[PDB]
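Below you will find one chain, with nothing else, as structure tokens; this is the form deposited in one PDB entry, and questions on how it binds or moves follow later.
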């Protein structure tokens, strides 16, 4: 068989027929004439003045004979060089107010141009280096940066872009992985990447296909040059409407490859950036030549950035563990440890706060910051090392390969925590469905799959994006988000019980408007809970979990911090609105030698000696380890008031999270694995707070007319502070840094609590969704 008239065919052939498709050279074979017919290289990829009107030679990679338009095989710059047309980049931008597409185009095509290792800061280079990219950016919709997923590696991020899912959900949790159910390893080298068993979720090309939208093959054999890929995309675009794809992908391994070699700031980086820009120019000139340049939506997107990393900055596990022969380490900009064929508790202890400058931190995966969403997959090893930016971790010195000079082969790497600035990457949308010359706030790459679906008129598969949160990127929104329905209505108990009906072993001697600024959270699961009002705070008290799901209070800029009278030490009061049978009891805490308790509304911030008594109600009490109380006390005593001063008032919503199975979702009763001893009082795995104020800080938090400003955290409820290497010191030296490490989105808290916040504002729901997906990152 021949490839004549079949080069890079889209439709599937059977095993027996010889292949002519994008991947036929990858661990496979093509028709014998595939190279001759489909991989022409003669005379390169650019028309020159001397080639214009050349006699046609069928060996040429592309053609500059005048028949090339009718044959569909011009070089992308043919009309520029030979017919006096301008390069696309030399045309001033004009708003694409409507798609300018041929008849038979049911929708604008989507072309996804992904670049590997493209730091957000490279856009600083400007038209000097990247004129085509600069035009897309300045004339289209762009963000200052896009946040990748952790780990900030290629395959996890590419497949996240494709599926809208966290790595833990789509299954590509690294560039290297071991799956203990397969008992098999995944690597980038070799053929495992082609085995479908690794890839979960539903990538865009499958979503497209299943809904009758035709996809261009997203994948190319490594031997097929970039320029051939661009020409193929353009040729596919000229197919008749019954064969033409609506979505296309081009991927470049640059600037990542050069980034590793020369580091992100090396003078050698200019050249690769120029070459990427040339490739964009080829695509745009090609589209213009097809008159599709005001028809197609283009996304220019990176998977991650690039950090300065040299092998002199390597931590070795063998400086911490005497026996390293019994462990397998996935090394580099992150660490994952498992047994080679060993005790995890011993390993963690041996790796914890051992050296003053220690450039990694060990974790059990369930204790990693929840914002990373990196635990709920069997391919993620229990033991994880978060590596400091600019560093590597390795097993022993001999695993590092140095030149004779001592210098290493690499000066850049990536993979670090996705909060790190050097890991941030790029997003640009250009075309009729994107806004014109519009800057949008930074966002997470998990959100893009929904956008790409909307651009193609596809119903997205279930994913971790928040559908509607990027509506502000698009001219026209086919999807309009709706606020979810409240599932459980609250009770509003009055005074129902006598003091004397309580045997809890405890001893002691406008609310809405000012404390719930954005409406009551909605409970989106089936349960029984009560709204409890007080002078200084409001709560939604769970009769199932015997504590608030949420506690809401406002602290003005002028609010005063007080201390507890000695007599109120150990004070807990029964709540006459809540049944003894649905209350905590103090005996459980007395008998649980490991467990103490804290309060969601702090007595410290009571508005009067009288009101302070409300804070000591059993319904405001939550189980807290002594170690964690050090964190919580400092947050409540010092930080809340600091934030109120700095932000001109703050509204605080705090509560427990239960995630014993570390899936990032609210546990049901049955999934709770720890209770206060001898009681039905469940122990939170985490405690959250959402801190809201006016974006315009000249306005107080309770009188805000415009956009809101939020910061949130999900603190691990740990019986120790081993995570914080300075925790032997005053809380002023370490608690706030701990909190910043555990920063979160409101959305993260919503998943973990089954609550919906901000249901009553003066803001559009679309805008609220962006607020909920916002992540305040620090350091």
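Note that the rigid core is defined as the largest set of C-alphas that superpose within 1.5 Å between two forms. Numbering follows the first chain given and starts at 1.
query = Is residue 395 one of the residues left unmodelled in a third or more of the other entries compared?
reply = Across the other compared entries, residue 395 is absent from none.
inquiry  = If you look at the other compared entries where the surrounding residues are built, does residue 228 lack coordinates in a third or more?
reply    = Residue status for residue 228: no gap in any other entry.
query = Is there a break between residue 509 and residue 510, and how many deposited residues does it span: none, 1 to 3, 4 to 9, or 10 or more?
reply = Missing in between: 10 or more residues.
message = Our gap detector needs a label for residue 698 to residue 699. Which class matches the unmodelled residues of the deposited sequence there: none, 1 to 3, 4 to 9, or 10 or more?
response = Going from residue 698 to residue 699, the model skips no residues of the deposited sequence.
key: 661-669 versus 700-708 - which carries the larger mean C-alpha B factor in the record   = The stretch with the larger mean CA B-factor is 700-708.
request  = Going by the average Cα B-factor in the PDB entry, point out whether 186-194 or 438-446 comes out higher.
outcome  = According to the entry, 186-194 carries the higher average C-alpha B-factor.
key: Most elevated Cα B-factor in the entry, residues 217, 424, 552, 232   = Each of 217, 424, 552, 232 was compared by C-alpha B-factor; the highest is 217.
query = From 675, 113, 409, 687, pick the one with the largest CA B-factor in the entry?
reply = Across 675, 113, 409, 687, the entry lists the biggest C-alpha B-factor for 409.
request  = Check where residue 563 lands among this chain's C-alpha B-factors and tell me if it's the lowest, middle or highest third.
outcome  = Ranked within chain, residue 563 CA B lands in the highest tercile.
key: Third of chain Cα B-factors occupied by residue 354   = As the PDB entry reports it, the C-alpha B-factor of residue 354 lands in the middle third of its chain.
query = Of the three thirds of its chain by CA temperature factor, lowest, middle or highest, which one includes residue 541?
reply = Lowest third of the chain for residue 541's C-alpha B-factor.
task = Would you please rank residue 126 by its C-alpha temperature factor against the other modelled residues of its chain and give the third it falls in: lowest, middle or highest?
result = For residue 126, the deposited C-alpha B-factor lands in the highest third.
query = Comparing residue 33 with the other modelled residues of its chain, is its CA B-factor in the lowest, middle or highest third?
reply = It falls in the top third of the chain.
The next section is about a form of this same protein that is not shown, the form deposited in another entry.
query = Of 519, 397, 126, 144, which one's CA moves 2 Å or more between this form and the one not shown, core aligned?
reply = Among the listed residues, the outlier is 126.
ask   = After the core is overlaid between this form and the one not shown, has the C-alpha of residue 32 moved by 2 angstroms or more?
value = Result for residue 32: yes, a 2 Å-plus shift.
ask   = Core-aligned, does residue 719 move its Cα 2 Å or more between this form and the one not shown?
value = Comparing the forms between this form and the one not shown, which are aligned on their rigid core, residue 719 does not shift its C-alpha by 2 Å or more.
message = Core superposed first: is there a CA shift of 2 Å or greater at residue 54 between this form and the one not shown?
response = Yes; that C-alpha moves by at least 2 Å between this form and the one not shown.
request  = Note whether the distance between the C-alpha atoms of residue 12 and residue 155 decreases (closer) or increases (farther) in that other deposited form, against the displayed form; the change is 3 Å or more.
outcome  = Here the pair is farther apart than in that other deposited form; there, closer.
task = Kindly indicate if, in that other deposited form, the C-alpha atoms of residue 127 and residue 89 are closer or farther apart than in the structure shown, bearing in mind the change is 3 Å or more.
result = Compared with the shown chain, residue 127-residue 89 is farther in that other deposited form.
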